[PDB]
Each structure stands twice: as structure tokens, then as C-alpha cells.
Amino acid sequence: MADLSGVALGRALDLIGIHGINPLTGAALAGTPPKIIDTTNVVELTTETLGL
Amino acid sequence: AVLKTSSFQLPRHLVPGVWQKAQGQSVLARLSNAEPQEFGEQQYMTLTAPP
């Protein structure tokens, strides 16, 4: 349990900075904060591009 | 008639050793190391979910 606490605080940075979700409940953070996945630069995988 | 070895009915020579097809060995004995165990059921602790 002591070891698992450290990794839970490490993982939170990615879940906040990339996704804007609260890790415990998995729900979105309330403020509509900036998150990396806000970007309009999406490449979306069709069944032709999936596998490349 | 001519005498032939046919009339003697001679026994065959036994040749030493046995010819055998090989047997496939245990994979689990090579992929998993044996742990020392005392006689009976063992119990192992697992982490079910992290905090």
C-alpha cells in the first residue's frame, strides 16, 4: 500500500494534463480546464488506416 | 536331394538393446521453476485493485 500511493500520485498528472478527469471517480474536472486532447489536430482511424 | 539349412529350422539371433520412439518432455518443468513446498494446499496473496 505504501508503494501504491506514490504511483497513484504520479499517474494523476497524465489524467489531469491529457484528459481533464479526476482519477478517483473518472469524471471530468468541473471548470472545463485546458486539456491536451482539446486540440483540433485529430487523425481519426478508419478501417483502412487502422493497422498502419 | 541336396542338404539345405531349410531342414535345420535354425533360431534367429537376438540383437541387444530396444528401439524406441522418443517422448515429448514437460514444458511446465522448464518454463516455471519448481518452488519448495510442504505437503498441502498453498495460499498466495494477490492485489485485486490499486488506490
# chains A, B, ... in the order shown; residues from 1 in each chain; ligands from 1
>>> interface_residues(of="chain B", to="chain A", cutoff="10 Å", atoms="only C-alpha atoms", output="PDB file with C-alpha atoms, in the first residue's frame")
ATOM      1  CA  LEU B  47      -3.619  -7.312  -5.346  1.00  0.00           C
ATOM      2  CA  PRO B  50      -4.974  -0.235  -6.700  1.00  0.00           C
ATOM      3  CA  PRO B  51      -5.772   3.032  -4.810  1.00  0.00           C
TER       4      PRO B  51
END
>>> select_by_dssp(residues="chain A", states="alpha helix (DSSP H)", output="JSON, numbers by chain")
{"A": [2, 3, 4, 5, 6, 7, 8, 9, 10, 11, 12, 13, 14, 15, 16, 17]}
>>> residues_around(residues="segment 25-40 of chain A", least_positions_apart="5", cutoff="12 Å", atoms="only C-alpha atoms", output="MDAnalysis selection string")
(chainID A and resid 12:20) or (chainID B and resid 51)
>>> atom_distance(atom1="atom CA of residue 41 of chain A", atom2="atom CA of residue 10 of chain A")
26.8 Å
>>> atom_distance(atom1="atom CA of residue 43 of chain B", atom2="atom CA of residue 29 of chain B")
20.7 Å
